[PDB]
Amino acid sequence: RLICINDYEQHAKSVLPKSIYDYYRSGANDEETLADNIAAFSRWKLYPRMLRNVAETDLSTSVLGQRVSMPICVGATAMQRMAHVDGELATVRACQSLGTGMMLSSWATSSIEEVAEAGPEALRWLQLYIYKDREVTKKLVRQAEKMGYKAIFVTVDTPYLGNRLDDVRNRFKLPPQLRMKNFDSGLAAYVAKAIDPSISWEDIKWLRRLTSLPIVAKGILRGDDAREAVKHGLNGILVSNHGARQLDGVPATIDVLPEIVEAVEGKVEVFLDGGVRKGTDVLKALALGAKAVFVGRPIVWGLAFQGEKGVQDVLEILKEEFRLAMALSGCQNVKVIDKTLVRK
């Protein structure tokens, strides 16, 4: 049956209700950037070195000072219990098994504490939105601190929700037995009521003063903004177009990655998400200077297949594809994955 990430998507389409599959699949508007996040990887070609001794390939690396087994981590995707009963608890358990990290959504169907209890040994980070209610927002930061999360990924590309046409057509809402546990399209309306469209760099200053945890700006697409994040004392940039769900017609993340790596001059780690489906995608992102990549939808398809086991399967497929891509390219470890491996 399922031997690559595309197979898990096809399986998920067959078992999920249409409205749920569409919620997870969709991009914004005409979905131009959704297609490009994948197509763009194909335009970057690989230039493998031969004869380098790849008997011992070491995939390990570090994200913000914490060791991981592979440069492939789980991105925040809301409302995982729609895909499988165990939702975020299945995901964190898989991450713990694999030795990689999980970025927990602010809009999770499981609490900060519940996820820490299911994956006490797992590397865990909190994705944060700046809510109009700053008391709410501070409580989430404080809970992440108390519960052993290692960083805050502040999402900065969602002052309002993007217009995902299928969610408007299906009038998307949660199924009746689920809730966001830490507190037209129903989600777009939720955002307009709860999420602060006024936030600015001044609010980044506030968040930087609020916690000593490492803070990564998630959703940056311009070099000037990346430089501003560094000036505000943030500790990394997650180059992201929100899975192509916010502004349609922005570039693919792999295409804007080099500008952002150049702009930050090595001062902070740069990460990528958007369109990662294959081990060669991971290799390309690392050659262009990303420390690690995050996967969004593939994790949800793993949950839809088989909960914890299906997430573990998806992560193991990515890990093995990445190992093979490294070996065929002549790379024994991540430290020798250099820029001459790729050209556009």
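A residue's number is simply how far along the shown sequence it sits, counting from 1. For clarity, a rigid core is taken as the largest C-alpha set superposing within 1.5 Å between two forms.
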{"property": "Greatest C-alpha divergence in 9 other deposited structures of this protein once each structure is fitted on the rigid core, 191-199 or 246-254", "result": "191-199"}
{"property": "Residue 97 coordinate gap across at least a third of other entries", "result": "no"}
{"property": "Gap at residue 240 across at least one third of the other PDB entries", "result": "no"}
{"property": "Residue 183 to residue 184: deposited residues without atomic coordinates", "result": "10 or more"}
{"property": "Higher-scoring stretch by recorded Cα B factor average, 277-285 or 52-60", "result": "52-60"}
{"property": "Higher-scoring stretch by recorded Cα B factor average, 199-207 or 238-246", "result": "199-207"}
{"property": "Deposited CA B-factor, highest of 231, 164, 222, 93", "result": "231"}
{"property": "Top Cα B factor in the deposited entry, candidates 74, 191, 272, 126", "result": "191"}
{"property": "Record-listed C-alpha B factor of residue 251: chain third", "result": "lowest"}
{"property": "Entry-reported Cα temperature factor of residue 141, expressed as the chain third it lands in", "result": "highest"}
{"property": "Position of residue 298 among the chain's modelled residues by C-alpha B-factor, lowest, middle or highest third", "result": "lowest"}
{"property": "Relative C-alpha B-factor of residue 334, binned into the chain's lowest, middle or highest third", "result": "middle"}
{"property": "CA B-factor placement of residue 323, once the chain's modelled residues are sorted into thirds", "result": "lowest"}
